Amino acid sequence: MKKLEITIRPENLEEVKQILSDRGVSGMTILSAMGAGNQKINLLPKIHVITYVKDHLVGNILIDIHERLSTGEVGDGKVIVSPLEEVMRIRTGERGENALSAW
């Protein structure tokens, strides 16, 4: 399993929720943020989306996010992929890929 961190323009949150639903993804945690980078130190409002996903889905999610969110204007955002050693569902104590099931 992998962690995705998706940092976007807030207006693009609906489209990120749809991309993850369209790949069977079970859930997501959304944080408000301020970001700085190339867009013109100017801070701008951002949404930071965290989702845990099965390893075979990551490549298609990254392609989907570029194809559907790109505006060709500076500031569209970033996606990173990082490793997960253990995942647990609090309600059941289930570990591994069972912890992300649709139920």
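In this text, residue numbers run from 1 along the sequence as written.
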Pick one of none, 1 to 3, 4 to 9 or 10 or more for the number of deposited-sequence residues not modelled between residue 40 and residue 41. 10 or more
Per the record, averaged over C-alpha atoms, which has the higher B-factor: 68-76 or 24-32? 68-76
Quick check on the deposited entry: does the C-alpha B-factor of residue 92 sit in the lowest, middle or highest third of its chain? highest
Thinking about Cα B factors across the chain, which third does residue 4 belong to? lowest
Going by the CA temperature factor in the PDB record, which third of the chain does residue 48 belong to: lowest, middle or highest? lowest
